[PDB]
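Student: Got a structure here, written out as structure tokens. Questions coming.
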Amino acid sequence: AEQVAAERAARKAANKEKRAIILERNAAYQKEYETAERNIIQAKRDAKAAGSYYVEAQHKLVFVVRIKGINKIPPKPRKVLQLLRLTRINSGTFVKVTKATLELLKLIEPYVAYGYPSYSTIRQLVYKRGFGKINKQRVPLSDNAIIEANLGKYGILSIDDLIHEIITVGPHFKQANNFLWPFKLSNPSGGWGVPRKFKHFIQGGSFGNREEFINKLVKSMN
Amino acid sequence: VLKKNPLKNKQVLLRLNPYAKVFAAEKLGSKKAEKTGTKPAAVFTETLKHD
Amino acid sequence: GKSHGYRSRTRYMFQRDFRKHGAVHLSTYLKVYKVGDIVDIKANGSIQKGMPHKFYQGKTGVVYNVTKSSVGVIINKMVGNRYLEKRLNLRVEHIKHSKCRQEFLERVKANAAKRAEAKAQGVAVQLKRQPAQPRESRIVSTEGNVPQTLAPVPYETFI
Amino acid sequence: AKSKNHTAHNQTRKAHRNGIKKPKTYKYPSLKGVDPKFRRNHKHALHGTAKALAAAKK
Amino acid sequence: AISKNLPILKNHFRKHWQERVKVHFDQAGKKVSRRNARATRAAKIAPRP
Amino acid sequence: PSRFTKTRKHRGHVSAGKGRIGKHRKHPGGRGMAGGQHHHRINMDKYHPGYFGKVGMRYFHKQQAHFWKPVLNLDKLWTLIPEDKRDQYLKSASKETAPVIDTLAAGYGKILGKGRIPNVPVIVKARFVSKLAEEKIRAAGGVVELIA
Amino acid sequence: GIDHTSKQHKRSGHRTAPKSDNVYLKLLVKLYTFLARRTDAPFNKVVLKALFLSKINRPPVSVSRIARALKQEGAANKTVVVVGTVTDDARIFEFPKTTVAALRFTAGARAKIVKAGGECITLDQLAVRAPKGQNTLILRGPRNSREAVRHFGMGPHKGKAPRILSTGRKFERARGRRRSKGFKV
RNA sequence: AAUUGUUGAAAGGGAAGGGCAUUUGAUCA
RNA sequence: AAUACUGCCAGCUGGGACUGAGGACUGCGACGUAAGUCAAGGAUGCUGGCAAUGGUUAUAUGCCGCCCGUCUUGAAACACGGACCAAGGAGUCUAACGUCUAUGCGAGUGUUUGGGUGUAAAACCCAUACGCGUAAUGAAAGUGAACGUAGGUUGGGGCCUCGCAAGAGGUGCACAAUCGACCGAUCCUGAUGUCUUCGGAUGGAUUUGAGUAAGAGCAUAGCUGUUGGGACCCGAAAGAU
RNA sequence: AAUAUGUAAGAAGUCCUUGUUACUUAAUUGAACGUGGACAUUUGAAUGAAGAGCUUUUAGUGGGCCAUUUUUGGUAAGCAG
RNA sequence: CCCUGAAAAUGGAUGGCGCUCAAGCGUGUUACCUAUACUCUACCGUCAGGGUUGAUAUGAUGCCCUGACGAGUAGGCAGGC
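Chains as they are written, first to last, in PDB author numbering: chain I, 23 to 244; chain F, 312 to 362; chain V, 2 to 160; chain d, 2 to 59; chain N, 2 to 50; chain c, 2 to 149; chain S, 2 to 186.
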């Protein structure tokens, strides 16, 4: 019984090959991100310069957090919240923007705050409070092996791949979002910034759509 | 047995993202953009301050 | 006392439409009804034989029986905390076809046609429908469309 | 000594505690309420096709 | 008095039945006494059966 | 029994498992079968239909001896014969020598046709026989003897 | 707090380990638990689950039923497995050779199998011969054939064996069962 | 045990009694 | 050009509080060409003091704190009982049962009505009868369940074969619905024969049953529920001898 | 109008050929049940699901009140509905 | 905004003390304190998903791993003195 070293060496070789593929894919994703951001910036610049206005495409991904307790909730909004996986206060989920999802959010707007997330806050959320759902259990994600095992059928095998699927909605965004447990955030470190949370954002509260302002609140709560 | 947080433990960050070493080496977090310059059209310039 | 009859509180329900009284157009009697077809129920006031009840007005059901001039409809009625099936025989007059099922057969035929044509080469059939996706990027040109400045109007006391 | 007559409060919650269930559907539905002549001819046709299938494939 | 899906039972205990309860606690004693009486009779009646 | 009785666990609870709004009073619905057409009519119609009313005529002094007609189906016909000879008479299927069963002596007064008895000669004696049973026995090759 | 969508701390609703205190039954349950845990054949898991069934959930299986099951195509050379008791049927006359494994065997059924040419083995022997349940066929008796299930679900227009003690005339045959005395059921 | 008398200890601006934590007094491995 | 504002850093670093769970190695990573090392699936090293910390109780301090049990939508109430302690005190038993569970036997099942025996109300043994089930339907007379591999079809665990796997084919116990076959009652039609009025073969039903369709039952014990009994305990104004 | 509400968004499906009937049609003309045969990436809108379905037993319950909105009787009511 | 309209019976209520470029009134911006609320950790119990007869070694109703939850009258079940 001396083959333990042979299996050890084979495991190391396989791990090194896997790490090489992961590094190549991560470099490709970073290059794509930089290219896309620069392309949008220059497109806005040329539209401004050519006597025109650049109408940005509507954001396809939003982050929704629950800012209301589980008491005094009407049954239809309560059911919508359960279907959207918001059963604890200060719980957040990612949502792909469609007509059905927009009408769903319009119903439980009074009890949630949602807005367009950014790559930095998405990465921070996934790194810090990123938890998976394996065998109906909340197993923390501290290695790419678990992610590859539970998501390799969809072409996702690393935490960076999962973050990429979250930020850019693709063919397997539904499964990528379903694999992730809803993020249990804490109260904001710097406070909510308003005297009354249960008022609309235009009316001076946390209730309602915050658009790009959701990033600051999410990072404060995370 | 215990969850260690990325972005605070360099070993765990490097284990999760092998590209982190290359990112730190190339300083991709602070990259200077191309020094291109375009001038807005007179129509937009006047519409900005048209009262 | 109290009154809850077979035609109670149907004054505006079992009533013919404005300028649509008289006999029934000879098109309903020419419709062919088969077992399994989905039909809607709409009572007609001119014919008082085989009229449906108030609850079954506007409900949609499958056809399970064919008779001389009548068809049987299975309607799921919610009583208590369960749905119970109800087999009710109604005349042809107070029953019309449902276009949602016809749209479903049309979509199925187009679905199969696309499954044949696209898969003849085998690339991105995408046979499934999608909701209203967010609009992509667009560029607007102010060539003859200079934005006009708008300001709120003063309050007026017109009578 | 008068008392409350009728109220529908909490009835919806009571009915929804045990979720309202759609009736269980089967491939072969009940053949009751169907035209007796059609049922008789269906029985005859079923016997005929069963005999034909038994004679053809064994 | 009347309840869910249970059978109908006809219990005939409505008079002063508590005063007329006969419990045969002396089954073994009666058997022993009968055997002793049989032996005594057999001895008395001579070898006759 | 007493140790496993729920009263011991109910000790301490004020109502002792009988409720507070409605206490465990005496018979509130009546004694015995009080009410079968007034207030318990719903249960008496949905669980015990047919309790109230008369059905047939009257048979005074009905002795349960004239109706003593025990039944015995055809499948359980060879069980009356002892096992030690049952196999022998099963393999010996000849008309000149066949096993004989006395159903009256066995305690059965009527024989019914059900079981598809094996095609062997046999003799059966019974007070009453059925048409199907007799036809099956004669088709097998046996005969039915009428005894009293 | 959590707006629970389901009952908290709810049991699975299935019976784990037998409720009986039969030492041999517990030993057999332990053996089949070991098998089903360290093997991959679903037969071991099915047998282990059936071992927890109650008396009413474990109806007897007759030798006639065994013969009928073995009469199927390709089932002649198969090992019959009955999780329960195997009874003897006198309505059958020809019993083919087989191999039946069951917990308890009726004396008449065992004699019938021995005379036919088969053998009566236990679940432990069945496991020893076929650890993965190869070439086996599981037989279960009729569960809804009990006399206590006829009375279940009694209601109007159902005909579900009303709970009675005596049978005959003037015993729940009056008004409520005939159209001449009012309504029929 | 309820109740009562002495000895020894403590508290007592129109009640006593309890919980959250500690100082002080008595006692304790 | 600089600056204000917003967003990013897989940029660095200063200060403070809580926590030390796990117990020879197993995995994922980094540094190091390589030995080996590491902040890498949960804290170690060094040093100081004592051999006081801490547990129980009384008082004191800061805050909080309405009287136990019942009725009630609403109790602390100016609603009800309680001055205290000690002793007793309230869902028990019988007969027939319903669901479930356990045991034994099993188309059979139950010794203890009784007899023999007995270390003597203990324990052991036993023949015929009898209770329930194996056949039910009609008021009754009466009759009485395989055209079939005990039917056809769907869903169906398991098993077998092919298949690297996945998947494909066959058989498919149990169970769900439906269509069929047979038995009893009712409505009908009516084959030979004949004590001319008896006999009821064969073919059907939008009819009907607490049926058959390879039996599942019997005995005892246990939780809970119902009935009758005084019936969880206590209490009437009354009636009769 | 808004709100509220029913049905459909597929393998129990679609399509090709043809076996049965005592139904029906002038009629292999229609209806039902079928046999054989073709369509598994993307099984036919989005989301979710400590899994879903089914059976038995039974304790307690059958005097309610209050809050936003709609609203009846009453001038109003911590009034009744 | 303030003033007259504006009067009820024991002595009293923005809680009172009190407050006048307010400590009163409307609005705009930061910092500060806290719920048995939220995030993490330590322990207990319950449930779910599993590993552990290759042993001397016993309690596989035993041991261990991971995840989630823990209110409550009448009432039910289970484990214990």
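Even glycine gets a Cβ: it sits at the ideal position worked out from N, Cα and C.
Classify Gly-137 (chain I) as buried or exposed, calling it buried when 16 or more other Cβ atoms lie within 10 Å of its own Cβ.
Tutor: So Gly-137 (chain I) ends up on the buried side.
Student: Roughly how many whole angstroms lie between the Cα atoms of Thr-34 (chain S) and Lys-46 (chain S)?
Tutor: Each residue's Cα considered, the two are about 8 Å apart.
Student: Where does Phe-220 (chain I) land, buried or exposed, given buried means 16+ other C-beta within 10 angstroms?
Tutor: With fewer than 16 other Cβ atoms within 10 Å, it is exposed.
Student: Identify, in the order they occur along the chain, each residue of the same chain with its Cβ nearer than 7 Å to the Cβ of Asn-237 (chain I), setting aside the five sequence neighbours on each side.
Tutor: Around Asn-237 (chain I): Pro-139, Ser-140, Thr-143.
Student: In whole angstroms, what separates the C-alpha of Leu-124 (chain S) from that of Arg-69 (chain S)?
Tutor: If I take the Cα positions, the gap works out to 22 Å.
Student: Identify whether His-361 (chain F) lies in helix, strand or coil by the three-state DSSP scheme.
Tutor: Coil.
Student: On the DSSP letters alone, give me the boundaries of the alpha helix (DSSP H) that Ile-168 (chain I) sits inside.
Tutor: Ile-168 (chain I) -> alpha helix (DSSP H) spans 166 to 173.
Student: If we ignore side chains and look at the alpha-carbon of each, how far apart do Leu-126 (chain I) and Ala-53 (chain d) end up?
Tutor: In a straight line, the C-alpha of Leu-126 (chain I) is about 57 Å away from that of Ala-53 (chain d).
Student: According to the Cβ coordinates, are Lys-94 (chain I) and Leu-129 (chain I) closer than 8 Å?
Tutor: Cβ atoms of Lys-94 (chain I) and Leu-129 (chain I): not closer than 8 Å.
Student: Which chain c residues are close to residue 260 (chain S), counting only those with a beta carbon under 7 Å from its beta carbon?
Tutor: What the structure shows of chain S is the stretch from 2 to 186, and residue 260 (chain S) is not part of that stretch, so it cannot be assessed.
Student: Taking 8 Å as the cut-off, decide whether the C-beta atoms of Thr-107 (chain S) and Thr-86 (chain S) are in contact.
Tutor: Contact flag set, yes.
Student: Output yes if chain V places a C-beta closer than 8 Å to the C-beta of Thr-358 (chain F); else output no.
Tutor: Judged by the 8 Å Cβ criterion, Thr-358 (chain F) is in contact with chain V.
Student: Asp-182 (chain I) CB to nearest chain F CB: under 8 Å?
Tutor: Taking Cβ atoms only, chain F reaches closer than 8 Å to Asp-182 (chain I), which makes this a yes.
Student: Is the segment 49 to 57 of chain c touching the segment 162 to 181 of chain S in the sense that three or more CB pairs, one from each, lie closer than 8 Å?
Tutor: Cβ pair count under 8 Å is three or more, so yes.
Student: Closest to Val-64 (chain S) by C-alpha separation, out of S:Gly-109, S:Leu-104, S:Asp-41, would be which residue?
Tutor: Looking at the Cα atoms, S:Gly-109 is the closest of the given residues.
Student: What's the call for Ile-148 (chain c), buried or exposed, on a 16-neighbour Cβ count within 10 Å?
Tutor: Per the 10 Å Cβ criterion, exposed.
Student: Mapping DSSP to helix, strand and coil, what is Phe-44 (chain S)?
Tutor: Note: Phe-44 (chain S) maps to helix in three-state DSSP.
Student: Along the chain, where does the beta strand (DSSP E) that runs through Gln-146 (chain I) open and close?
Tutor: Premise fails: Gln-146 (chain I) lies in the alpha helix (DSSP H), 141 to 151, not in any beta strand (DSSP E).
Student: At the level of alpha carbons, what is the spacing between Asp-41 (chain S) and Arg-136 (chain V)?
Tutor: Going by the C-alpha atoms only, they are around 52 Å apart.
Student: Among I:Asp-182, I:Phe-235, I:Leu-239, whose alpha-carbon lies nearest the alpha-carbon of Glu-46 (chain I)?
Tutor: With distances taken between Cα atoms, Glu-46 (chain I) lies closest to I:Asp-182.
Student: Does the structure place the segment 116 to 126 of chain V close enough to the segment 44 to 58 of chain d that three or more beta carbon pairs sit under 8 Å?
Tutor: Output reads no: the segment 116 to 126 of chain V does not touch the segment 44 to 58 of chain d.
Student: Taking only beta-carbon atoms, is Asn-66 (chain V) less than 8 Å away from chain d?
Tutor: Chain d, which has a Cβ nearer than 8 Å to the Cβ of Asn-66 (chain V), makes this yes.
Student: Exposed or buried, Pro-50 (chain N), counting other C-beta atoms within 10 Å across all chains shown (16 or more means buried)?
Tutor: Result: exposed.
Student: Is there a Cβ of chain S sitting closer than 8 Å to that of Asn-12 (chain N), yes or no?
Tutor: Chain S, which has no Cβ nearer than 8 Å to the Cβ of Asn-12 (chain N), makes this no.
Student: Could you give the distance in angstroms between the alpha-carbon of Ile-112 (chain c) and the alpha-carbon of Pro-29 (chain c)?
Tutor: Taking the straight line from one Cα to the other gives about 54 Å.
Student: From the DSSP output, in three-state form, read off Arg-88 (chain V) for me.
Tutor: If DSSP states are grouped into helix, strand and coil, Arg-88 (chain V) belongs with the strands.
Student: Beta-carbon separation of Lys-23 (chain d) and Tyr-84 (chain V) under 8 Å?
Tutor: Cβ atoms of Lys-23 (chain d) and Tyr-84 (chain V): closer than 8 Å.
Student: Counting only runs of 4+ residues fully inside the segment 49 to 109 of chain I, write out the alpha helix (DSSP H) ranges in chain order.
Tutor: Listed in chain order, they are 97 to 105.
Student: For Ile-92 (chain I) and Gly-156 (chain S), which I take to be in contact (beta-carbon distance under 8 Å), what is that distance rounded to the nearest angstrom?
Tutor: 40 Å between Cβ atoms; not a contact.
Student: Which residues of chain N have a Cβ atom closer than 7 Å to the Cβ of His-158 (chain S), listed in chain order?
Tutor: By Cβ distance, chain N contributes nothing, its closest Cβ being about 16 Å from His-158 (chain S), past 7 Å.
Student: Among residues of its own chain, excluding the 5 on either side of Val-93 (chain V), which ones have a beta-carbon nearer than 8 Å to its beta-carbon?
Tutor: Cβ within range, chain order: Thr-29, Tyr-30, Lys-32, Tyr-34, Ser-70, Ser-71, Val-72.
Student: Go ahead and pull the three-state DSSP assignment for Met-243 (chain I).
Tutor: In this structure, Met-243 (chain I) counts as helix in the three-state DSSP scheme.
Student: Grab me the residues of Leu-327 (chain F)'s own chain with a C-beta within less than 7 Å of its C-beta, minus the 5 sequence neighbours each way, in chain order.
Tutor: Within the same chain, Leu-327 (chain F) has close Cβ partners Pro-317.
Student: Alpha carbon to alpha carbon, how far is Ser-4 (chain V) from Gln-131 (chain V)? Give it in angstroms, no decimals.
Tutor: Using only the alpha carbons, I get a separation of about 50 Å.
Student: Do you know offhand how far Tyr-109 (chain c)'s Cα is from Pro-71 (chain c)'s?
Tutor: Between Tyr-109 (chain c) and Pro-71 (chain c), the C-alpha separation is close to 5 Å.
Student: Taking all protein chains shown into account, decide if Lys-90 (chain I) is buried (16 or more other Cβ within 10 angstroms of its Cβ) or exposed.
Tutor: Buried.
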